[PDB]
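File shown: protein39.txt. Contents: compact mmCIF, C-alpha atoms.
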```txt
# COMPACT_ATOMS: atom_id res chain seq x y z
CA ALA A 1 94.85 45.89 90.42
CA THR A 2 98.38 44.48 90.11
CA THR A 3 100.28 41.77 88.21
CA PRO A 4 102.89 39.91 90.30
CA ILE A 5 106.17 40.04 88.33
CA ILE A 6 109.64 38.54 88.61
CA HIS A 7 113.14 39.47 87.43
CA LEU A 8 115.63 36.69 86.94
CA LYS A 9 119.04 38.33 86.72
CA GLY A 10 122.34 36.77 85.66
CA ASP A 11 124.38 35.40 82.76
CA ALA A 12 122.47 35.55 79.49
CA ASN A 13 122.98 31.88 78.49
CA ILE A 14 122.00 30.70 81.94
CA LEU A 15 118.71 32.60 81.70
CA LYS A 16 118.10 31.27 78.19
CA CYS A 17 118.52 27.72 79.41
CA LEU A 18 116.34 28.36 82.46
CA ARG A 19 113.71 29.80 80.07
CA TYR A 20 113.76 26.58 78.00
CA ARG A 21 113.25 24.62 81.24
CA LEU A 22 110.22 26.73 82.19
CA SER A 23 108.42 24.97 79.27
CA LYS A 24 107.79 22.17 81.73
CA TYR A 25 106.13 24.69 84.05
CA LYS A 26 103.91 26.89 81.81
CA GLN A 27 101.03 26.54 84.24
CA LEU A 28 103.27 28.15 86.85
CA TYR A 29 103.69 31.52 85.09
CA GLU A 30 102.07 33.48 82.27
CA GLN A 31 104.73 35.28 80.26
CA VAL A 32 108.55 35.22 80.12
CA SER A 33 110.26 38.09 78.38
CA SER A 34 113.20 37.71 76.08
CA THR A 35 116.58 38.67 77.60
CA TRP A 36 117.19 42.35 78.24
CA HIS A 37 119.77 44.40 80.02
CA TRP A 38 120.18 47.93 81.33
CA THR A 39 121.46 50.34 78.74
CA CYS A 40 124.01 51.71 81.21
CA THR A 41 125.56 48.23 81.41
CA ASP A 42 128.30 46.95 79.13
CA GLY A 43 128.56 44.01 81.53
CA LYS A 44 128.09 41.33 78.91
CA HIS A 45 125.98 38.34 79.87
CA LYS A 46 125.74 38.54 83.69
CA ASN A 47 123.81 41.82 83.49
CA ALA A 48 121.08 40.07 81.52
CA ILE A 49 117.54 40.07 82.91
CA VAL A 50 114.29 38.27 82.18
CA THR A 51 110.86 39.32 83.45
CA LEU A 52 108.03 36.84 84.10
CA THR A 53 104.46 37.72 85.03
CA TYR A 54 101.91 35.71 87.04
CA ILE A 55 98.21 35.26 87.41
CA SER A 56 98.57 35.71 91.13
CA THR A 57 100.90 35.74 94.11
CA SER A 58 99.81 32.16 94.75
CA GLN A 59 101.06 31.17 91.28
CA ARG A 60 104.27 33.09 91.90
CA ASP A 61 104.77 31.17 95.19
CA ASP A 62 104.20 27.82 93.47
CA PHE A 63 106.63 28.86 90.74
CA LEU A 64 109.40 29.75 93.19
CA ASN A 65 108.83 26.62 95.27
CA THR A 66 108.80 24.28 92.26
CA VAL A 67 111.10 25.58 89.58
CA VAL A 68 114.86 25.14 90.13
CA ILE A 69 116.45 28.57 89.85
CA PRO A 70 120.27 28.17 90.04
CA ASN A 71 122.42 30.12 92.51
CA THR A 72 124.03 31.88 89.58
CA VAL A 73 120.73 33.75 89.01
CA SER A 74 119.25 36.41 91.29
CA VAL A 75 115.50 36.55 91.82
CA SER A 76 113.62 39.71 92.70
CA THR A 77 109.88 40.23 92.96
CA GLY A 78 107.61 43.16 92.21
CA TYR A 79 104.28 44.18 90.75
CA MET A 80 102.83 46.18 87.96
CA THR A 81 99.61 48.08 88.30
CA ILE A 82 97.04 47.01 85.72
CA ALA B 1 112.01 48.70 100.15
CA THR B 2 110.85 49.20 96.55
CA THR B 3 112.09 50.68 93.27
CA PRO B 4 109.42 52.56 91.27
CA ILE B 5 109.48 51.13 87.72
CA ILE B 6 107.86 51.91 84.38
CA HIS B 7 106.99 49.95 81.23
CA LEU B 8 106.76 51.86 77.99
CA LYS B 9 104.96 49.58 75.54
CA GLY B 10 104.59 50.00 71.79
CA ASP B 11 106.34 49.90 68.42
CA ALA B 12 110.02 49.06 68.77
CA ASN B 13 111.36 52.01 66.71
CA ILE B 14 109.13 54.44 68.55
CA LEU B 15 110.55 53.27 71.88
CA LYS B 16 114.10 53.45 70.53
CA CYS B 17 113.58 57.04 69.50
CA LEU B 18 111.90 57.90 72.80
CA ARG B 19 114.92 56.31 74.55
CA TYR B 20 117.31 58.58 72.59
CA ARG B 21 115.19 61.57 73.70
CA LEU B 22 115.43 60.54 77.36
CA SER B 23 119.14 61.56 77.13
CA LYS B 24 117.91 65.09 77.74
CA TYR B 25 116.23 63.86 80.92
CA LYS B 26 118.77 61.54 82.64
CA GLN B 27 118.17 63.25 85.96
CA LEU B 28 114.54 62.18 85.65
CA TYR B 29 115.16 58.41 85.69
CA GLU B 30 117.94 55.98 86.58
CA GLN B 31 118.01 53.13 84.09
CA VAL B 32 116.29 52.37 80.77
CA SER B 33 116.37 48.80 79.55
CA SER B 34 116.98 47.80 75.99
CA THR B 35 113.85 46.74 74.05
CA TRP B 36 112.28 43.44 75.00
CA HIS B 37 109.10 41.62 74.21
CA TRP B 38 107.07 38.72 75.57
CA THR B 39 108.17 35.38 74.22
CA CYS B 40 104.57 34.43 73.51
CA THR B 41 104.33 37.39 71.12
CA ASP B 42 105.22 37.27 67.43
CA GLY B 43 103.63 40.71 67.21
CA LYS B 44 106.63 42.41 65.66
CA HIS B 45 107.43 45.91 66.85
CA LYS B 46 104.25 47.04 68.67
CA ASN B 47 104.70 44.33 71.32
CA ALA B 48 108.06 45.84 72.27
CA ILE B 49 108.58 47.02 75.85
CA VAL B 50 111.14 49.09 77.72
CA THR B 51 111.52 49.23 81.51
CA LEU B 52 112.83 52.30 83.36
CA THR B 53 113.59 52.52 87.07
CA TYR B 54 113.52 55.55 89.38
CA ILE B 55 115.09 56.83 92.54
CA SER B 56 111.65 57.57 93.89
CA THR B 57 107.99 58.07 93.13
CA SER B 58 108.68 61.79 93.13
CA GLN B 59 111.23 61.31 90.33
CA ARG B 60 108.76 59.10 88.48
CA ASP B 61 106.10 61.86 88.76
CA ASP B 62 108.52 64.49 87.43
CA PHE B 63 109.46 62.15 84.60
CA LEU B 64 105.85 61.57 83.53
CA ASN B 65 104.98 65.26 83.83
CA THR B 66 108.03 66.43 81.85
CA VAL B 67 108.93 63.88 79.23
CA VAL B 68 106.73 63.72 76.11
CA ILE B 69 105.52 60.14 75.78
CA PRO B 70 103.58 59.81 72.48
CA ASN B 71 100.05 58.40 72.29
CA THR B 72 101.41 55.48 70.32
CA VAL B 73 103.12 54.22 73.51
CA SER B 74 101.36 52.83 76.58
CA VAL B 75 102.69 53.62 80.04
CA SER B 76 102.22 51.38 83.04
CA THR B 77 103.71 51.74 86.50
CA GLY B 78 104.86 49.25 89.11
CA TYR B 79 107.50 48.50 91.69
CA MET B 80 110.19 46.02 92.45
CA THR B 81 111.08 45.02 95.97
CA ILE B 82 114.73 45.67 96.74
```

Just dump the structure as structure tokens.
Amino acid sequence: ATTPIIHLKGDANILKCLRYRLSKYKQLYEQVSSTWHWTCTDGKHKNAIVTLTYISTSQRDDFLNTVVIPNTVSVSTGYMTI
Amino acid sequence: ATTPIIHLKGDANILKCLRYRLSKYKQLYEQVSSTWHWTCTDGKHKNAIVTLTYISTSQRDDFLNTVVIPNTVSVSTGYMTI
């Protein structure tokens, strides 16, 4: 069994603002992590990442299709085994 | 194409110490994130998570088999599409 997941990558403030906007779309995702970055990276702000999880791929699809994710942020998908 | 990933979940200090210990095993993983938690969670410390990425599943196997991950930490696996 797997959990669809998503990484929003980009400037830290941009992700924080995007995260506030997700409040309008809570039905479209389950959990949003706080901002994190790779320890190897000193790259302040634009090396910030946020992970979101979903009930299903269908929910993930609806999320991507509905929520406005700016061009300044990179979206990657993946899964976690339950 | 996918990146094998790992979530170490547990108390925040325990993960921080584990992360210091990984310095002995840098060849066994690529990147370790800083500590993060789910925004829904107020659960201080034990709701802390750390993500690690790997060159391959083989490297992930070697990492799990070699590094001592305490029972206080939960390990889950997953992948991210490149």

Could you please select, counting all atoms listed in the file, the residues of chain B within 8 Å of chain A and state them as a ChimeraX atom specification?
/B:31-40,76-82

Computed gap from CA of residue 73 (chain A) to CA of residue 25 (chain A) is 17.9 Å

- Kindly give the distance, in Å, that separates CA of residue 8 (chain B) and CA of residue 69 (chain B), rounded to a single decimal.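 Interatomic distance, CA of residue 8 (chain B) to CA of residue 69 (chain B): 8.7 Å.
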
### Query
When you draw a straight line from CA of residue 27 (chain A) to CA of residue 15 (chain A), how long is it in Å?
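Value for the CA of residue 27 (chain A)-CA of residue 15 (chain A) distance: 18.9 Å.
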
**Asked** With only C-alpha atoms as the basis for distance, which of B:28, B:18, B:12, B:1 is at the shortest distance from residue 43 (chain B)?
**Response**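 Ranking B:28, B:18, B:12, B:1 by distance to residue 43 (chain B), first place goes to B:12.
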
Would you pick out the contacts of residue 67 (chain A) at 12 Å or less, using only C-alpha atoms, so that residues sharing its chain but fewer than 2 positions from it are not included, and give the list as a PyMOL selection string? chain A and resi 18-29+59-65+69-70

Could you complete region 10-41 of chain B so that it carries N, CA and C atoms, and give it back as a PDB file, keeping the file's coordinate frame?
```
ATOM      1  N   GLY B  10     104.953  49.529  73.118  1.00  0.00           N
ATOM      2  CA  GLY B  10     104.590  50.000  71.790  1.00  0.00           C
ATOM      3  C   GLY B  10     105.514  49.537  70.670  1.00  0.00           C
ATOM      4  N   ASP B  11     105.491  50.253  69.550  1.00  0.00           N
ATOM      5  CA  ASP B  11     106.340  49.900  68.420  1.00  0.00           C
ATOM      6  C   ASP B  11     107.779  49.992  68.852  1.00  0.00           C
ATOM      7  N   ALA B  12     108.606  49.057  68.404  1.00  0.00           N
ATOM      8  CA  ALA B  12     110.020  49.060  68.770  1.00  0.00           C
ATOM      9  C   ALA B  12     110.827  50.308  68.360  1.00  0.00           C
ATOM     10  N   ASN B  13     110.634  50.809  67.136  1.00  0.00           N
ATOM     11  CA  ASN B  13     111.360  52.010  66.710  1.00  0.00           C
ATOM     12  C   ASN B  13     110.914  53.203  67.489  1.00  0.00           C
ATOM     13  N   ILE B  14     109.613  53.304  67.764  1.00  0.00           N
ATOM     14  CA  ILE B  14     109.130  54.440  68.550  1.00  0.00           C
ATOM     15  C   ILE B  14     109.768  54.493  69.933  1.00  0.00           C
ATOM     16  N   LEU B  15     109.914  53.339  70.573  1.00  0.00           N
ATOM     17  CA  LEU B  15     110.550  53.270  71.880  1.00  0.00           C
ATOM     18  C   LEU B  15     112.034  53.621  71.802  1.00  0.00           C
ATOM     19  N   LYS B  16     112.685  53.155  70.751  1.00  0.00           N
ATOM     20  CA  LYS B  16     114.100  53.450  70.530  1.00  0.00           C
ATOM     21  C   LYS B  16     114.336  54.919  70.385  1.00  0.00           C
ATOM     22  N   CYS B  17     113.445  55.600  69.670  1.00  0.00           N
ATOM     23  CA  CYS B  17     113.580  57.040  69.500  1.00  0.00           C
ATOM     24  C   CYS B  17     113.285  57.786  70.795  1.00  0.00           C
ATOM     25  N   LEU B  18     112.275  57.315  71.516  1.00  0.00           N
ATOM     26  CA  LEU B  18     111.900  57.900  72.800  1.00  0.00           C
ATOM     27  C   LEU B  18     113.106  57.787  73.745  1.00  0.00           C
ATOM     28  N   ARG B  19     113.744  56.604  73.722  1.00  0.00           N
ATOM     29  CA  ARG B  19     114.920  56.310  74.550  1.00  0.00           C
ATOM     30  C   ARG B  19     116.075  57.278  74.226  1.00  0.00           C
ATOM     31  N   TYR B  20     116.300  57.590  72.953  1.00  0.00           N
ATOM     32  CA  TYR B  20     117.310  58.580  72.590  1.00  0.00           C
ATOM     33  C   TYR B  20     116.946  59.936  73.195  1.00  0.00           C
ATOM     34  N   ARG B  21     115.669  60.296  73.139  1.00  0.00           N
ATOM     35  CA  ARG B  21     115.190  61.570  73.700  1.00  0.00           C
ATOM     36  C   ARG B  21     115.330  61.688  75.223  1.00  0.00           C
ATOM     37  N   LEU B  22     115.279  60.556  75.915  1.00  0.00           N
ATOM     38  CA  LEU B  22     115.430  60.540  77.360  1.00  0.00           C
ATOM     39  C   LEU B  22     116.794  61.073  77.761  1.00  0.00           C
ATOM     40  N   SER B  23     117.761  61.089  76.831  1.00  0.00           N
ATOM     41  CA  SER B  23     119.140  61.560  77.130  1.00  0.00           C
ATOM     42  C   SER B  23     119.146  62.980  77.646  1.00  0.00           C
ATOM     43  N   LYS B  24     118.096  63.711  77.296  1.00  0.00           N
ATOM     44  CA  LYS B  24     117.910  65.090  77.740  1.00  0.00           C
ATOM     45  C   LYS B  24     117.359  65.110  79.165  1.00  0.00           C
ATOM     46  N   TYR B  25     116.857  63.968  79.613  1.00  0.00           N
ATOM     47  CA  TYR B  25     116.230  63.860  80.920  1.00  0.00           C
ATOM     48  C   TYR B  25     116.771  62.831  81.923  1.00  0.00           C
ATOM     49  N   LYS B  26     118.064  62.526  81.818  1.00  0.00           N
ATOM     50  CA  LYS B  26     118.770  61.540  82.640  1.00  0.00           C
ATOM     51  C   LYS B  26     118.575  61.737  84.112  1.00  0.00           C
ATOM     52  N   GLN B  27     118.391  62.983  84.530  1.00  0.00           N
ATOM     53  CA  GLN B  27     118.170  63.250  85.960  1.00  0.00           C
ATOM     54  C   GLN B  27     116.790  62.773  86.373  1.00  0.00           C
ATOM     55  N   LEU B  28     115.906  62.604  85.400  1.00  0.00           N
ATOM     56  CA  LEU B  28     114.540  62.180  85.650  1.00  0.00           C
ATOM     57  C   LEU B  28     114.255  60.676  85.730  1.00  0.00           C
ATOM     58  N   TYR B  29     115.288  59.863  85.556  1.00  0.00           N
ATOM     59  CA  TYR B  29     115.160  58.410  85.690  1.00  0.00           C
ATOM     60  C   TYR B  29     116.563  57.866  85.925  1.00  0.00           C
ATOM     61  N   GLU B  30     116.649  56.608  86.328  1.00  0.00           N
ATOM     62  CA  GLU B  30     117.940  55.980  86.580  1.00  0.00           C
ATOM     63  C   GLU B  30     118.417  55.114  85.434  1.00  0.00           C
ATOM     64  N   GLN B  31     117.663  54.052  85.148  1.00  0.00           N
ATOM     65  CA  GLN B  31     118.010  53.130  84.090  1.00  0.00           C
ATOM     66  C   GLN B  31     116.879  52.849  83.115  1.00  0.00           C
ATOM     67  N   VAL B  32     117.244  52.660  81.837  1.00  0.00           N
ATOM     68  CA  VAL B  32     116.290  52.370  80.770  1.00  0.00           C
ATOM     69  C   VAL B  32     116.811  51.038  80.241  1.00  0.00           C
ATOM     70  N   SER B  33     115.930  50.076  80.056  1.00  0.00           N
ATOM     71  CA  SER B  33     116.370  48.800  79.550  1.00  0.00           C
ATOM     72  C   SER B  33     116.426  48.904  78.054  1.00  0.00           C
ATOM     73  N   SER B  34     117.002  47.894  77.426  1.00  0.00           N
ATOM     74  CA  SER B  34     116.980  47.800  75.990  1.00  0.00           C
ATOM     75  C   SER B  34     115.545  47.258  75.698  1.00  0.00           C
ATOM     76  N   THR B  35     115.163  47.231  74.435  1.00  0.00           N
ATOM     77  CA  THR B  35     113.850  46.740  74.050  1.00  0.00           C
ATOM     78  C   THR B  35     113.721  45.221  74.224  1.00  0.00           C
ATOM     79  N   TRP B  36     112.575  44.828  74.749  1.00  0.00           N
ATOM     80  CA  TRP B  36     112.280  43.440  75.000  1.00  0.00           C
ATOM     81  C   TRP B  36     110.830  43.184  74.662  1.00  0.00           C
ATOM     82  N   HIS B  37     110.465  41.926  74.560  1.00  0.00           N
ATOM     83  CA  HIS B  37     109.100  41.620  74.210  1.00  0.00           C
ATOM     84  C   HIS B  37     108.758  40.313  74.917  1.00  0.00           C
ATOM     85  N   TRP B  38     107.477  39.968  74.964  1.00  0.00           N
ATOM     86  CA  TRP B  38     107.070  38.720  75.570  1.00  0.00           C
ATOM     87  C   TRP B  38     107.320  37.635  74.564  1.00  0.00           C
ATOM     88  N   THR B  39     107.881  36.543  75.032  1.00  0.00           N
ATOM     89  CA  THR B  39     108.170  35.380  74.220  1.00  0.00           C
ATOM     90  C   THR B  39     106.905  34.828  73.545  1.00  0.00           C
ATOM     91  N   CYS B  40     105.753  34.934  74.179  1.00  0.00           N
ATOM     92  CA  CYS B  40     104.570  34.430  73.510  1.00  0.00           C
ATOM     93  C   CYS B  40     104.205  35.238  72.250  1.00  0.00           C
ATOM     94  N   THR B  41     104.663  36.483  72.206  1.00  0.00           N
ATOM     95  CA  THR B  41     104.330  37.390  71.120  1.00  0.00           C
ATOM     96  C   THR B  41     105.233  37.432  69.887  1.00  0.00           C
TER      97      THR B  41
END
```
